[PDB]
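Q: Sequence first, structure after, both from an experimental entry:
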There are 2 protein chains.
Amino acid sequence: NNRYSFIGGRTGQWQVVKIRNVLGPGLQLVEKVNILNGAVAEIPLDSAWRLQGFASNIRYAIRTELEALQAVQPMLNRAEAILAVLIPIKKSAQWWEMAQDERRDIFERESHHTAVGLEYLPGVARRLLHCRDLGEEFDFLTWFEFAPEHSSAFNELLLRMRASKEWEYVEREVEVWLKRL
Amino acid sequence: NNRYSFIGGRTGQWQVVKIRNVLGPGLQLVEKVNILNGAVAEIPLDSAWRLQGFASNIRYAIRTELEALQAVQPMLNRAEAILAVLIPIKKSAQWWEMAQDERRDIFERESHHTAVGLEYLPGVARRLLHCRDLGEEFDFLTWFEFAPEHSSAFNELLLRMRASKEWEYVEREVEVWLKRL
Ligand code: HEM
Ligand code: HEM
Ligand SMILES: [Cl-]
Ligand SMILES: [Cl-]
């Protein structure tokens, strides 16, 4: 199943360490996030919010980039990856109406998204989900997990991305920091 | 709503003229297709099949291609466009695992999808829906409508697309021919 759901409330496999409402309307603070590999129509009991998304095909990466990523990127659910961050992102209408060459160019040519991100591997594992096409309030759910030794680095990476040309098109962002139970 | 449903059965705005089961398992012949702008969970009565998909962003086309398209493409629902064709398509796993340059190269550089399609405008109006990400049996719903004068040309377009390098990755195709009621 390509669909993943994230419910904030009182149960789950992850403990909320903090929520930072970086840009736009935030998410309600909760104790835990429950992560399910399927849809959830039935709004669980004592739950503040539900995010969902699907895994999909590659939209921007070229073959050489894919090859570099595969050389180094870690698997999920390594024993030592006890910290996680879930970061929902929405981009602007003006981003979405641009053509495929235009977005590619802002993403890599000007922003160096992949080249920059590669400097933080293999410390950081990641998953990417899409949800604009489902009509969610966010366009993407991003997922990162790592050992604590890598926390400072991850924080450096966030600040680099947010200085990029790409991030001028980001109109909503929340970081949910977690700890594995 | 970006979601569209197509219900084959005994009612709808469109009459089935014929169905051609071009490649893979076919669809049952029905009298009518009912088209709805929304998700439909409840399979209507006396209905043989439901297709669905969503309108999404551009995945391949570059700015100049977009500009060329906008200059000549017709709107849907012209009074003259009394014929339509719904064409579901599934592409192979080998296509989906390819990187974005690879796919782009096969789509335009090798198959001239956009350049070839442009020759059939403004006679032909079109809409593209995506459904792989929803778990559907097909990856895409393609929709075409035109006045009868253009039926010949449209048939010619189909045979050209099917001769392209792109069509080598196509593992499932049905033509549903329709007449507006
Ligand atoms: C940690 C190393 C990172 C790597 C190696 C990396 C790599 C990538 C790659 C290769 C893509 C393109 C996927 C495709 O072609 O479909 C991508 C997309 C994305 N990444 Fe990252 N990324 C990293 C970190 C981050 C971080 C920290 C964020 C956000 C805080 C982020 C946000 C995004 C978003 C939103 C997309 C989707 C862009 C779109 O489709 O418009 N990435 N990432
Ligand atoms: C009539 C003129 C046509 C034009 C101008 C045309 C144009 C296009 C364009 C520009 C795209 C790319 C959209 C994007 O970047 O996301 C596209 C996608 C597509 N077209 Fe066509 N098209 C035409 C006819 C057809 C026909 C007859 C078929 C199939 C029988 C077809 C099947 C597709 C499919 C499946 C896609 C999605 C490709 C993918 O993501 O792999 N088109 N079309
Ligand atoms: Cl990914
Ligand atoms: Cl379209």
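A: It's in. Numbering: from 1, shown residues only, chains lettered A, B, ... in the order given. Ligands and ions are numbered 1, 2, ... in the order given.

Q: give me every residue that touches the residue of chain A positioned farthest from its centre.
A: Ranked by distance from the centre of chain A (Cα atoms, centre = their mean), the top residue is residue A:45, with 25.2 Å. The neighbourhood of residue A:45, defined by Cβ atoms under 8 Å, 6 or more residues apart in numbering or on different chains, consists of residue A:9. All C-beta spots, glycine's among them, are computed from the backbone N, C-alpha and C.

Q: where's it relative to residue A:7, distance?
A: With the distance defined as Cβ to Cβ, to the nearest Å, residue A:45 ends up 10 Å from residue A:7.

Q: swap in residue A:160?
A: 31 Å.

Q: The two: who's more crowded?
A: residue A:7 (23 against 17; other Cβ atoms under 10 Å in any protein chain shown).

Q: What separation do you get for the most centrally placed residue in chain A and ligand 2?
A: In chain A, the centroid-proximal residue (Cα atoms, centre = their mean) is residue A:142; its distance is 1.0 Å. For residue A:142, the distance to ligand 2 equals 23 Å [Cβ to the nearest ligand atom, to the nearest Å].

Q: Residues in a beta bridge with that residue, which ones?
A: residue A:87, residue A:128 (DSSP bridges).

Q: That one and residue A:87 touch, don't they?
A: Yes - here residue A:142 lies in contact with residue A:87, judged by Cβ atoms under 8 Å, at a distance of 4.6 Å.

Q: got a list of what residue A:56 touches?
A: A:2, A:129-130, B:132-133.

Q: for ligand 1, what are the nearby residues on chain A?
A: A:58-61, A:87, A:89, A:113-114, A:117-118, A:120-121, A:124, A:126, A:128, A:140, A:142, A:157-158, A:161 (Cβ under 6 Å from any ligand atom).

Q: what ranges do the helices span in chain A?
A: For chain A, the helices defined by DSSP state H occupy A:63-72, A:93-96, A:100-104, A:113-118, A:151-162.

Q: is it possible to export those to JSON lines including distance to residue B:153?
A: Shown next, in JSON lines, are those (distance: least, Cβ to Cβ, whole Å):
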{"stretch": "helix A:63-72", "distance to residue B:153": "37"}
{"stretch": "helix A:93-96", "distance to residue B:153": "33"}
{"stretch": "helix A:100-104", "distance to residue B:153": "28"}
{"stretch": "helix A:113-118", "distance to residue B:153": "43"}
{"stretch": "helix A:151-162", "distance to residue B:153": "48"}
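
Q: which one of those lies closest to ligand 2?
A: Closest approach to ligand 2 among those (Cβ to the nearest ligand atom): helix A:100-104, 5.9 Å.

Q: is chain B contacted by the closest one?
A: Yes - on the criterion Cβ under 8 Å from any Cβ of the partner chain, helix A:100-104 is in touch with chain B at A:100-102, A:104.

Q: so residue A:126 touches residue A:144, yeah?
A: Yes - under the criterion of Cβ under 8 Å, residue A:126 makes contact with residue A:144 at 5.2 Å.

Q: ok, those two, which is more surrounded?
A: More neighbours surround residue A:144 than the other of residue A:126 and residue A:144, with 23 against 17 (other Cβ under 10 Å).

Q: Quick check: closest non-adjacent residue to that one.
A: Among residues not flanking residue A:144 along the chain, residue A:85 sits closest, at 4.8 Å (Cβ to Cβ, 6 or more residues apart in numbering or on different chains).

Q: Tell me how many other residues crowd the one you found.
A: 21.

Q: dump the residue contacts of it.
A: If you count contacts by Cβ under 8 Å, 6+ apart, residue A:85 has them with A:143-145, A:154, A:175-178.

Q: between these, which is closest to chain B?
A: Distance to chain B, by Cβ to the nearest Cβ, is smallest for residue A:143 among these, at 17.5 Å.

Q: got the residue ranges for the strands in chain A?
A: With DSSP state E as the definition, chain A shows strands at residue ranges A:3-9, A:14-23, A:32-36, A:47-54, A:83-91, A:125-130, A:140-146, A:170-180.

Q: quick one on the thing from earlier: what is the nearest of the contacts of residue A:85 to residue B:12?
A: residue A:143 (41.7 Å; Cβ to Cβ).

Q: Look at the one residue in chain A that gets nearest to ligand 1 and say how many residues are nearby.
A: Using Cβ to the nearest ligand atom, residue A:117 is the residue of chain A that sits closest to ligand 1, at 2.5 Å. The number of residues packed near residue A:117 is 16, by other Cβ under 10 Å.

Q: what about residue A:15, neighbour count?
A: 14.

Q: Hmm, residue A:30 and it touching each other?
A: No - the criterion here is Cβ under 8 Å, and residue A:15 misses it with residue A:30 at 10.0 Å.

Q: hmm, back to that, which of the residues of chain A next to ligand 1 are buried?
A: A:58, A:60-61, A:87, A:89, A:113-114, A:117-118, A:120, A:124, A:126, A:140, A:142, A:157-158, A:161 (16 or more other Cβ atoms under 10 Å in any protein chain shown).
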